[PDB]
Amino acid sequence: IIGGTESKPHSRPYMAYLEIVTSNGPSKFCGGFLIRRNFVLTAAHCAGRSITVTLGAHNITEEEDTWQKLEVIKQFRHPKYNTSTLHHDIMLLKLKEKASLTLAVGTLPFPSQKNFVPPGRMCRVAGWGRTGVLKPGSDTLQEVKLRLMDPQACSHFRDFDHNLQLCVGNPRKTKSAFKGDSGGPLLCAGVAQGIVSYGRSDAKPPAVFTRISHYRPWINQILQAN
């Protein structure tokens, strides 16, 4: 998160810190959010050979009792996830066990409504991602309020699609989700509407978020089947 604030610790108790293992490189990290006690939603590009989720974190470098380090038993990457277009950059992680609900860990279930969120409002995204291009991932959960932009603000992402994705972050500001924030929720009035997907390497907003409304059926499908 660039240009954000440190979250009040544990104020976003659904936030998941994902450590994503691959065979051929060191861990990568993503965010995500717990939408059921045993499911974390994140970005598909956060898939890996295995993923650990840490719930209850604030400073991810400082173990604390709020932490729940949970094994992911299965990744449900959106079947249409396209590594070229980055369409359908969404993934559900089924945790091996249901997380404990604590003050610091709770789910963020979707409201029934899955209304398409038009441009214009401010939403908040949180993550432990980089706080600038040259900055490592934040030890602490950060969050930033970003403007939902009209889709044309993301035109330059040539595979951006307004129906699939939110365009997030006023380009006039440096505030943005960034690397390491992948998979984090964009909450608009406390409702997850976006998932950090991608943006420019140089961190110039807007960034592209998966538009959750579009994937609600798929999410539901996975949740109901698993």
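Numbers follow the displayed sequence, beginning with 1.
Trainee: Output the stretch having the higher mean C-alpha B factor in the entry; the candidates are 27 to 35 and 183 to 191.
Mentor: Per the deposited B-factors, the answer is 183 to 191.
Trainee: Determine, for stretches 195 to 203 and 168 to 176, which one has the higher mean CA B-factor as deposited.
Mentor: So the stretch with the higher mean C-alpha B-factor is 168 to 176.
Trainee: For the C-alpha B-factor as written in the entry, point me to the maximum among 142, 112, 102, 75.
Mentor: In this record, 112 carries the highest C-alpha B-factor of the candidates.
Trainee: What third of its chain, lowest, middle or highest, does the C-alpha temperature factor of residue 137 fall into?
Mentor: Highest third of the chain for residue 137's C-alpha B-factor.
Trainee: Determine, from the deposited record, the chain-internal third of the Cα B-factor for residue 216: lowest, middle or highest.
Mentor: Its C-alpha B-factor belongs to the highest third of this chain's values.
Trainee: Taking the values exactly as deposited, rank residue 98 by C-alpha B-factor within its chain and report the matching third: lowest, middle or highest.
Mentor: Ranked within chain, residue 98 CA B lands in the middle tercile.
Trainee: Looking at the C-alpha B-factor of residue 122, is it in the lowest, middle or highest third of its chain?
Mentor: It belongs to the highest third of the chain when residues are ordered by C-alpha B-factor.
Trainee: Split the chain's modelled residues into thirds by Cα B-factor; is residue 156 in the lowest, middle or highest one?
Mentor: Ranked within chain, residue 156 CA B lands in the lowest tercile.
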